[PDB]
Amino acid sequence: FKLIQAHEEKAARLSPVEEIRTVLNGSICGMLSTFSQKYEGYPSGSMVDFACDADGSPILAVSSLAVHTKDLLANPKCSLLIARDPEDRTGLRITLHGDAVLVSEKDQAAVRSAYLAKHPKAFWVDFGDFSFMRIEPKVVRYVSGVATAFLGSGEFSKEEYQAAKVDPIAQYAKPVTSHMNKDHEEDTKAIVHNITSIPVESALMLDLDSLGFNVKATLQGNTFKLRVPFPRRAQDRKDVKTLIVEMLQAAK
Amino acid sequence: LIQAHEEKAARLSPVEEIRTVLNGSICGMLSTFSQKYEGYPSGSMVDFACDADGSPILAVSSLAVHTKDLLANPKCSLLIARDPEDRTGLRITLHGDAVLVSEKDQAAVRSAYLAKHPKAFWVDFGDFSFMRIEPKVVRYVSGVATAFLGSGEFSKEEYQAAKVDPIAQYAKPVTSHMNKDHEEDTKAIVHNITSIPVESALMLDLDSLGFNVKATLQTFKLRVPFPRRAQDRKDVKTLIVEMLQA
């Protein structure tokens with residue numbers, strides 16, 4: 001109740017801009033808002049795949065037959081809504097506002113590879129109906145914990161957002177969280193219990209970065225999220241395993 | 001072979017399908033004009049509940065960004081994904097005007113909202129108000145990266161006149177009993193009706209004319225129509241057993 005609030009406020013985590021920079025870079029799909037070309041005066045929403053380029057600018061592969069493509073050609077001002085955990089309503093949600101710009105011929109090759117890195121089977125991007133567009137950010141806004149005590153919000157300029165680096169350990173979140181959630185969830189419960197002093201019934205690893213990881217934990221009927229910081233910054237894929245064993249050894 | 005079965009299988013009309021799916025949805029993506037960032041649109045996740053006419057009811061906090069957006073410009077849109085993770089699924093965008101609910105309509109609107117969000121106790125707090133998106137146009141797209149790409153739009157009058165299918169409300173219990181315990185029965189029915197030797201058949205939704213399934217042979221969706229319209233919950237069980245016997 002009060003121990004959770006005191007632990008979360010002190011636990012090491014990425015800075016706000018690095019968290020938003022990292023979550024966006026790891027995201028591959030979101031909700032595009034445009035000005036409706038056909039229904040004048042109304043906005044319009046659609047689902048789009050995307051991939052951030054090296055600067056964090058979303059790359060879209062848009063079909064000339066899509067409604068949202070016609071919207072963007074008539075008015076390039078748009079927004080992109082990202083949900084870290086789409087089903088979690090208390091999760092982090094990011095809105096990137098910017099201007100959709102056709103990618104130049106010089107930039108085609110770098111843009112195409114950045115997009116296929118996130119959508120490896122998207123070989124329609126070479127078809128004539130499809131073009132790459134880049135949403136050049138104007139402002140990046142986020143909200144977190146809507147119906148919770150740890151409600152936070154903020155915004156970043158284009159310059160602040162682009163200067164932040166993507167955390168180099170977050171890319172390993174999927175393999176690490178799988179091996180732990182499938183085979184070694186007892187270890188996660190002990191580590192969380194050792195650090196937070198909460199005897200959690202279950203501890204599910206949500207994400208991962210160089211400073212630690214977050215877990216979905218359950219105690220009685222309440223479900224809540226806990227930050228589990230590493231004793232030091234993780235340096236690589238293997239170092240993440242080393243630190244988990246060290247935190248387990250410090251408990252087990 | 002799939003295309004010939006899908007084009008002939010009985011299903012709800014387009015406007016009744018969209019009316020039914022929207023009425024069954026309780027969360028979506030709201031697009032607004034950004035009050036703070038002049039010239040830009042904005043997106044947010046919102047809970048909602050359709051009223052009896054199909055108009056989405058929102059319970060908005062005075063502290064939320066999208067509330068300030070809607071108060072500055074009521075013109076908005078609501079994006080609903082029947083199966084949000086299925087990229088070929090049906091997606092509906094309702095465009096309309098967000099209107100404060102009047103004092104006379106508060107009670108009916110509150111009950112419509114709590115029917116879909118029974119634990120939303122905060123709707124009574126002072127920070128919260130009910131808004132209704134009065135529809136201007138309802139647009140849909142389906143099978144966006146498939147051979148069966150379809151689209152269309154409905155006026156406010158066409159959308160409001162359509163009825164919500166009275167059997168779709170039973171989709172969750174029926175699909176649970178079948179997908180967990182009787183997927184062999186579902187596979188037999190699908191193979192019997194479509195003449196497709198399906199390896200697995202996962203029941204997706206339900207209406208009075210049949211149900212849709214996710215099937216795999218050597219992944220695609222198949223419509224499984226009932227031999228006649230189902231009249232109630234028990235009749236759905238009667239018809240499924242009847243189709244299994246065949």
Side-chain angles (χ1 to χ4, degrees), chain A residues 28-36 38-39 41-49 63 66-68 71-72 75-83 85-86 88-100 119 121-122 124 135 137-143 147 151 153 155, chain B residues 26-34 36-47 61 63-66 69-70 73-81 84-89 91-98 117 119-122 133 135-141 145 151 153:
Chain A
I28 64 172
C29 176
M31 194 282 280
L32 181 73
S33 294
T34 55
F35 288 65
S36 179
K38 180 173 183 175
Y39 313 131
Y42 291 86
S44 185
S46 54
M47 301 306 297
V48 294
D49 289 328
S63 160
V67 170
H68 58 228
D71 290 346
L72 291 176
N75 191 333
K77 285 170 168 43
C78 62
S79 71
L80 217 218
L81 171 66
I82 293 323
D85 189 357
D88 179 16
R89 56 169 50 213
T90 68
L92 172 62
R93 297 204 269 280
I94 304 166
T95 309
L96 184 151
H97 309 252
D99 300 72
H119 309 275
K121 298 187 177 180
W124 52 81
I135 302 179
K138 183 62 159 288
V139 55
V140 182
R141 169 156 282 275
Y142 71 97
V143 66
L151 172 115
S153 71
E155 60 178 60
Chain B
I26 65 172
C27 177
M29 279 120 175
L30 180 73
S31 295
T32 55
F33 289 55
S34 177
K36 180 174 183 175
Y37 312 129
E38 173 199 23
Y40 292 90
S42 187
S44 55
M45 300 305 299
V46 294
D47 291 329
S61 160
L63 300 180
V65 169
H66 58 223
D69 290 350
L70 292 177
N73 190 332
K75 285 170 168 42
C76 63
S77 71
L78 220 218
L79 171 66
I80 286 87
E85 287 310 317
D86 178 17
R87 57 170 50 214
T88 68
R91 298 205 270 279
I92 304 165
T93 71
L94 183 151
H95 309 251
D97 298 70
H117 308 275
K119 298 187 178 180
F121 60 95
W122 53 82
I133 302 180
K136 182 61 160 289
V137 54
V138 184
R139 170 159 283 276
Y140 71 96
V141 67
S151 70
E153 61 176 61

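Sequence lines set the chain letters: A, B, ... in the order given, protein chains first and strands last, and positions in each chain run from 1. Basis for what follows: all heavy atoms, side chains included, without hydrogens, waters or symmetry-related copies.
The distance from the NZ atom of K75(B) to the CG atom of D69(B) is 14.5 Å, given to the nearest 0.5 Å. To the nearest 0.5 Å, the span separating OG on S151(B) from OH on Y140(B) amounts to 6.5 Å.
Nearest heavy-atom pair, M31(A) versus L30(B), reported as atom, atom and distance to 0.1 Å: CE-O, 4.1 Å.
Heavy atoms closer than 4.5 Å to chain B are found in the side chain of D49(A), but not in its backbone. Within the 4.5 angstrom heavy-atom criterion, no atom of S61(B) approaches chain A. The contact between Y40(B) and chain A is made by backbone and side chain atoms together, counting heavy-atom distances below 4.5 Å. Heavy atoms of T93(B) lying under 4.5 Å from chain A belong exclusively to its side chain. Heavy-atom distances place no part of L94(B) under 4.5 Å from chain A, backbone and side chain included.
When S31(B), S34(B), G28(B) are compared by the number of non-hydrogen pairs under 4.5 Å with chain A, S31(B) comes out ahead. Per-residue counts of heavy-atom pairs under 4.5 Å with chain A were compared for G96(B), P74(B), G43(B), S44(B); the largest is that of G43(B).
For the pair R139(B)/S77(B), no side-chain contact is recorded, criterion being any heavy-atom separation below 4.5 Å from C-beta on.
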Handout entry: From CA spacing to verdict: side chain to side chain contact (heavy atoms under 4.5 Å, CB included), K36(B), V65(B)
Key = CA-CA 9 Å; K36(B) 180 174 183 175; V65(B) 169; over 6 Å; no

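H66(B) contributes no side-chain N or O that, together with a main-chain N or O of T32(B), makes up a donor-acceptor pair within less than 3.5 Å.
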